[PDB]
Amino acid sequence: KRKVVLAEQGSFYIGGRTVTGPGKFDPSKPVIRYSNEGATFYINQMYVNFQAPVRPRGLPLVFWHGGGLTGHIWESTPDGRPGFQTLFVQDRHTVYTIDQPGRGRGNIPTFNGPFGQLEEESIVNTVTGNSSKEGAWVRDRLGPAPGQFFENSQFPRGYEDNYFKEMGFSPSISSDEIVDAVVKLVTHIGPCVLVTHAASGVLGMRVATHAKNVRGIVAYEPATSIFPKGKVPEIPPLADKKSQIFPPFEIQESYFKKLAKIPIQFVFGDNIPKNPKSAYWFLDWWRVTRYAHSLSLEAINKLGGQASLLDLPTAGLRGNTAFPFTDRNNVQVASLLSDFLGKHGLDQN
C-alpha cells in the first residue's frame, strides 16, 4: 500500500508578479536593513509539486487544497495513512499538488514594515482573520460541537492535534491573482483534471472558464456556488433567519457556458441535515450551501452540461467529514474518483 515508483518528481514556482520599493540598491552599504530601498519583491507566486509514475495513463491530476490548507492534505492523512497523491500515482496518473499564493510554500506578500504594507501601498491587509480549532471542528462536520463526534464519523480520532495543525490563515490576496496562477499552471501542464476542495471549488470553476486544458473537475465539498451573472436563483437564509451562505460568484454567461463542455462532479460527505437546524449553524450552512450547488449544477446541465452531485452516503459510504480524502475510508473515496475518471475517458491515453 505504501510503495511508489516515480519516473520523476520535483517542484517549482509559477505565476506571481513583482513590486518595487523606492530608490536604489548600493552593494557597499550594509545589506540587512529595515528598508525597502532599491528593492524588488516577487509576490503572489505559487508552489507546485509533481510526482510522475512510470508509463502514465490518462491526464495529470491537479489537487487543489481548500481554505487555509496546503498540499499536505493530499500527501497524508492526519494519522499518517497515504493521501490521494500516493493513491493516484499508484493509479498511474501524474499528480500535481499546489500551495496556492498566500498558503504554505506559496508567497505571503509582506515586506519591511507593518504586515502586507509596502511603503504607502497596502498589498494585503495588516489585520488578519483565522479560524479556530472550534470553528474548524464544526465547519468540517467532525460533529455538532467542538470535541464531539458524530457516531458514524470517519474522522481519524486521536489525531485531532495533527489535523488542526495543518490549518492556518490566508492573507487578502485577490482571488483573481490566485486564479491567474492556476491558469498559468494549467497552460504549462496541458490537458488535466482539477480536483478541488471547499474554498478552491469556486476557484477551480473559474479556472476552467479561462483554460480549455481543464478537461474535468471533481470538487469535494465546495464552499461557494457559481451562477451566470444576473441569474442567481432564490436561496433561503439559514434557519436562524439572519445568516446567509456565501454570496454566489457571478460570471458572464459566455464564460459560464464553458462549464457545460466538461464533466463536473461535486462530492459531499455525510451529516448534512435535510431540514433546518437552528441549533447548529455550520450544519445548517452546509444544508443551504449544498442546495445552492444543486441549483448551480442544474444551470450547467440546462446549457447542455454533464454536472453531477455525488452524496457519499448514496454510494454506501457513511460518516464522511468535509475532508473525505483524509478520512478513514479515503481509499473507498479514491475508488469513486477513479470511477469518475474512467467513465469520462480521463484515465486513457
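Heads up: residue numbers just count along the shown sequence, starting at 1.
Peer 1: Look over 323 to 331 and 20 to 28 in the entry and identify the one with the greater average Cα temperature factor.
Peer 2: Higher of the two, by average CA B-factor, is 20 to 28.
Peer 1: Can you tell me whether 206 to 214 has a higher mean C-alpha B factor than 113 to 121 in this record, or the other way round?
Peer 2: Stretch with the higher mean C-alpha B-factor: 113 to 121.
Peer 1: For the CA B factor values reported in this entry, which option in 79, 161, 140, 253 has the top one?
Peer 2: Of 79, 161, 140, 253, 253 has the highest C-alpha B-factor.
Peer 1: Highest CA temperature factor in the entry: which of 199, 98, 226, 238?
Peer 2: When the deposited C-alpha B-factors of 199, 98, 226, 238 are compared, 238 is largest.
Peer 1: Against its chain's modelled residues, does residue 190's Cα B factor rank lowest, middle or highest third?
Peer 2: Its C-alpha B-factor, which the entry lists for residue 190, ranks in the highest third among residues of this chain.
Peer 1: Check where residue 62 lands among this chain's C-alpha B-factors and tell me if it's the lowest, middle or highest third.
Peer 2: Tercile = lowest for this residue's CA B-factor.
Peer 1: Among all modelled residues of this chain, ranked by Cα B factor, put residue 262 in the bottom, middle or top third, i.e. lowest, middle or highest.
Peer 2: Tercile = middle for this residue's CA B-factor.
Peer 1: What third of its chain, lowest, middle or highest, does the C-alpha temperature factor of residue 165 fall into?
Peer 2: It falls in the bottom third of the chain.
Peer 1: According to the PDB entry, is the CA B factor of residue 234 in the bottom, middle or top third of its chain, that is, lowest, middle or highest?
Peer 2: Highest third of the chain for residue 234's C-alpha B-factor.
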